[PDB]
Each structure stands twice: as C-alpha cells, then as structure tokens.
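Input: a single structure, listed below in structure tokens.
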Amino acid sequence: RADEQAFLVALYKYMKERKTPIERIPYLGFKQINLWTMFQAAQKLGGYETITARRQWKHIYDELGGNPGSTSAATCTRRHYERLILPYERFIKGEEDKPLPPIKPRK
DNA sequence: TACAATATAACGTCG
DNA sequence: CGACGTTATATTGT
C-alpha cells in the first residue's frame, strides 16, 4: 500500500510536469482512482501483458467488485493504466523483478 | 469552452 | 443457434 502511494505521488509530480496530472484523471471504473488497488488487481490478472493479450480488464472488474449495468467498466481503466502506471512499473520490471514474461498469445 | 469518465449498444467470437 | 466477451459510440459530469 504505502510504497505504491509514495511512487504514485512521485508519478503525480512527474506527470503534472508532463501536462497530464491526476487532476485530469478523476475516477476509476466504479470507485475513485485508488491506483494501488487496480495495480495489484492487474498483477493478479497477469500484469498489463496478459491484460493486452486477453482484454482481461473485465476480470479486474471482478477483483474490483460488482457494478450493475456495466460491460466495459474496467475497459475504460485500460486507457488510464497506460498513462498512470504503465510508465512507472518500468522501475519494477527493469530494476527489481520481471514476473510478466512476453509469452502470451491467447488461451 | 473542452476534456475525461461512465454507460449503453453493436459486433464478433466461442460454445 | 445461443451466450459471452470485447470494442466502439454516446451521454454525463467535472
């Protein structure tokens, strides 16, 4: 929890210095942004790499919770994640550990 | 004003 | 042929 929040406050400074602050990223599919949660959800559903190979965000919506009437709630989150932690998991996957391999065709 | 997010509808794929 | 999943479009809110 605390280190994801610390590294997303560091991203918040860097992304505000890139004309793309969290001040223009108001919500998460159902609830508030809560980055650390959609991150650990994506890391259970196979990182952003299994997500891109399978459109597994519908399953991230499963780890997030239920929201009546949605069929692409977490799908919108994909477009947030690709600017809100896809540029920062680069330190996790380049200078700590790579638990997400490039092998992912489909099923 | 314009931009971003969420919801709904349609299309495609799989069973 | 039917059901499920994914993608695209539209509407609403900030």
Applying the selection to the range A:1-32, what residues are free of Cβ contacts under 8 Å to residues at least 40 places away in the same chain and in a loop (DSSP other than H, G, I, E, B)? A:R1, A:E17, A:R18, A:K19, A:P21, A:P26, A:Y27, A:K31, A:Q32
Those residues that are within 13 Å of DNA strand C (Cβ to nearest atom), hydrophobic (A, V, I, L, M, F, W, C) and in a helix (DSSP H, G or I), I need them from the range A:41-51; list them, please. A:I51
Can we say A:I85 is under 11 Å from the mean Cα position of the chain (by Cα), touching a residue at least 40 places away in the same chain (Cβ under 8 Å) and closer than 22 Å to A:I22 by Cβ? yes
Out of A:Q40, A:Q56, I need the residue that is within 23 Å of A:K107 (Cα to Cα), under 12 Å from the mean Cα position of the chain (by Cα) and surrounded by fewer than 14 Cβ atoms within 10 Å (Cβ to Cβ). Which one? A:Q40
Hits in the range A:59-102 - residues which are within 15 Å of DNA strand C (Cβ to nearest atom), of a type outside the set (S, T, Y) and surrounded by fewer than 16 Cβ atoms within 10 Å (Cβ to Cβ): A:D62, A:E63, A:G66, A:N67, A:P68, A:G69, A:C76, A:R79, A:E82
When you look at A:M38, is it outside any loop (DSSP other than H, G, I, E, B) and over 19 Å from A:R1 (Cα atoms), yes or no? no
For the subset of the range A:80-89 comprising residues that are over 16 Å from A:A53 (Cα atoms) and outside any loop (DSSP other than H, G, I, E, B), which member is nearest to DNA strand B (Cβ to nearest atom)? A:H80
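Table: residues versus (1) in a helix (DSSP H, G or I); (2) among the acidic types (D, E); (3) away from DNA strand B (no atom under 12 Å from the Cβ).
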{"position": "A:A53", "(1), (2), (3)": "yes, no, yes"}
{"position": "A:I60", "(1), (2), (3)": "yes, no, yes"}
{"position": "A:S72", "(1), (2), (3)": "no, no, no"}
{"position": "A:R78", "(1), (2), (3)": "yes, no, no"}
{"position": "A:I92", "(1), (2), (3)": "yes, no, yes"}
{"position": "A:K104", "(1), (2), (3)": "no, no, yes"}
{"position": "A:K107", "(1), (2), (3)": "no, no, no"}
Only residues that are under 27 Å from A:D3 (Cβ atoms) and of a type in the set (K, R): list them for the range A:92-107, please. A:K93, A:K98, A:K104
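Coordinate-derived values only; no laboratory data. With ideal geometry, Cβ positions are generated from the backbone for all residues, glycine too; neighbour counts draw on all protein chains shown.
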